[PDB]
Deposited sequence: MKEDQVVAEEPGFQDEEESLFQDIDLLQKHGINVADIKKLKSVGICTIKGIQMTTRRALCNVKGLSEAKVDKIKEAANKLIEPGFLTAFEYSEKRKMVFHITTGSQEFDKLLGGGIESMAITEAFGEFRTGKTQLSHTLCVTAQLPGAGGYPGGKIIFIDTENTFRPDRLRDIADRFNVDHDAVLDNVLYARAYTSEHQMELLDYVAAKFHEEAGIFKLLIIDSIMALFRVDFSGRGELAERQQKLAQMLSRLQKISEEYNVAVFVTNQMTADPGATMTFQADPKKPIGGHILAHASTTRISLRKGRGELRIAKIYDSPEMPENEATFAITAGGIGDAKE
C-alpha cells in the first residue's frame, strides 16, 4: 500500500520522498494522477516519469475484472445507519461508503441535526458488521455546538467523554482554505488505516456563493468547484470512507426552488436527499437521483436527540 514497494524495481530513494512532499502516500496515488501533474513539480523531469509507471502495472495490474468477481470485491463497503427505521429503509442501510451523498433543505429543515446524529451513530458497532471508527468534521458556517452530541449520546446509552475525542474538527474560513484543508485529510487518513470511517463537510456551497460574484466570476467559481468534488471522489476510493455533504437552496422567479451548485454538483453527487417540513416536529424526506432507490418518501422526527420516528 505505502510507496516503498517501488524501490525494489529501480526507483532510487532520493526522489520517492519528494512525491511524499506533494502528498502522495499510497500505491493508488500514482494510479490517480495525470502524467502532466508530474511535469509541474520542482525537480522531476519529463523523461524520467516512466519508471514509476513501470512499477504501476506490475504491482496494480489493470486487466479486466469480471463482474462476478466484482460482486465479491464490493463486499468491503459498509453502511452507516441514520437513526430512524424508514429513512434507511429508503436508503438500504443508510450511507454508502464509496460515494458522495447530498442533502438539501429549505432553511429550518434539520440538515446539521442529521449531521450531528451521524457523528454518534457512526462510532457504534451496528448492522452489516460495521465496527465504527473516527470522524472528521469540516465545518464551514458556524454550527458545531458540541453539547448537542451529549444529548444523543444518552439515547444510545454511550459514555460522554468516550465519544468526544473520536471526532476531529476544523473550520474553513475561505473557499481556498476549504480546498487546501483536504490535504490534511489525506495525511490524517493514511497513517492510520481503518480507524476512520467517514467525513462530513458542512456546506460546500456556503463559501463559494459568497467569495464569487454573479455572471462575471461564474465560470471561475464552477471550475474551482469541480476540482474539489473530484478530489473528494478520489479520497473515498483511496481509503474507503463515506462523505456527507449539504448545501443551501435558491428560488426561481422564472416560473419553484432549486438547490444551488448547478449541473456540476448535480452530476458528481451519487445520492441526493430532499428534505421538506411536515407538521410540528415532523419532516418529510424524498430522494433525488439515486442509483438504487426510487422516489419514495419517509418521515423524520427531530427530537430531543436528533433523528427519531
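Missing from the model relative to the deposited sequence are positions 1-21, 277-283, 338-340 (no C-alpha coordinates, numbering from 1).
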